[PDB]
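> model the structure of this input:
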Amino acid sequence: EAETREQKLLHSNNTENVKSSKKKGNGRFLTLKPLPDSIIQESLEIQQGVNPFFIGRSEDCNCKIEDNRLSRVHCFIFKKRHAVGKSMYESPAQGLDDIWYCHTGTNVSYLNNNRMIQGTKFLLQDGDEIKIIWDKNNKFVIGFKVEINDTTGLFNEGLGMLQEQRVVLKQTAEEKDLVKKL
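Numbers count the residues shown, from 1 in each chain. Let me share the structure:
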């Protein structure tokens, strides 16, 4: 209980939160945690792989990294079905969904160790510290930390199942003829 019962708004204690004042994870998959080394500092939340989740100096992106070096829609993250490797394989992965970091601005964004060169795409993983921007010449880096908290049906449960087999992939499908408009 908490209130006399039915008055401010209605029903059981805190209405047992049917619509729920609380929520957390109602459609969240990744929490972008920018660190202090990055001009940004806190934690963002990409909803269940918004697909796509742009990010840059233009709020038009699914997020906002307020960083001048960003050319508006500076970087462009995407999300889609894992899609098993083309050929061979034994147990595919129908369903699930992989993420795709893809820089599209005029500059370059990256993923821990893979430097993208605009209009480029790349795969993302859990705890994948990314860097929307990186200009050591004038002390300006956007250190970020991809933190997958859901991983419900996320293929590979988000955990970079590898040691060294994921390099930046140039654009594709014209930013899927959808991210190409930014």
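> just say helix, strand or coil for the nearest residue to residue 69 once chain neighbours are set aside.
Nearest-residue entry for residue 69: residue 133, 4.3 Å, with adjacent residues in sequence omitted and distances by C-beta to C-beta, 6 or more residues apart in numbering. Any C-beta I mention is one placed from the backbone N, CA and C, and that applies to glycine too. Following DSSP: H, G, I helix; E, B strand; the rest coil, residue 133 is assigned to strand.
> can you name the residues that contact residue 133?
By C-beta atoms under 8 Å, 6 or more residues apart in numbering, residue 133 lies in contact with 65, 67, 69, 70, 74, 107, 108, 109, 140, 141, 142.
> compute the number of surrounding residues for the fourth one.
Other residues near residue 70 come to 23 when the count uses other C-beta atoms under 10 Å.
> verify the stated contact: it with residue 134.
No: Residue 70 is beyond contact range of residue 134, at 11.6 Å (criterion: C-beta atoms under 8 Å).
> could you find the closest non-adjacent residue to the spatially most central residue of the chain?
Nearest to the geometric centre of the chain sits residue 46, at 4.9 Å (C-alpha atoms, centre = their mean). The shortest distance from residue 46 to any non-neighbouring residue, by C-beta to C-beta, 6+ apart, is to residue 30 (4.2 Å).
> may I have the phi/psi pair for the one you found?
phi -130, psi 140 (degrees, to the nearest 10).
> cool, residue 152 as well?
Dihedral angles (degrees, to the nearest 10) for residue 152: phi -50, psi -80.
> is the residue nearest to residue 102 when sequence neighbours are not counted in a helix, a strand, or coil?
In this structure, residue 102 finds its nearest non-sequential neighbour in residue 121, 3.6 Å apart by C-beta to C-beta, 6+ apart. Three-state assignment for residue 121 (three-state DSSP): strand.
> what's near enough to touch residue 121?
So residue 121 contacts 78, 100, 101, 102, 168, 169, 170, 171, 172 (C-beta under 8 Å, 6+ apart).
> so how far is residue 97 from it?
Distance of residue 121 to residue 97, computed by C-beta to C-beta, to the nearest Å: 15 Å.
> and for residue 170?
For residue 170, the distance to residue 97 - C-beta to C-beta - is 21 Å.
> with neighbour numbers in mind, choose between the two.
More crowded of residue 170 and residue 97, by other C-beta under 10 Å: residue 97, with 18 against 11.
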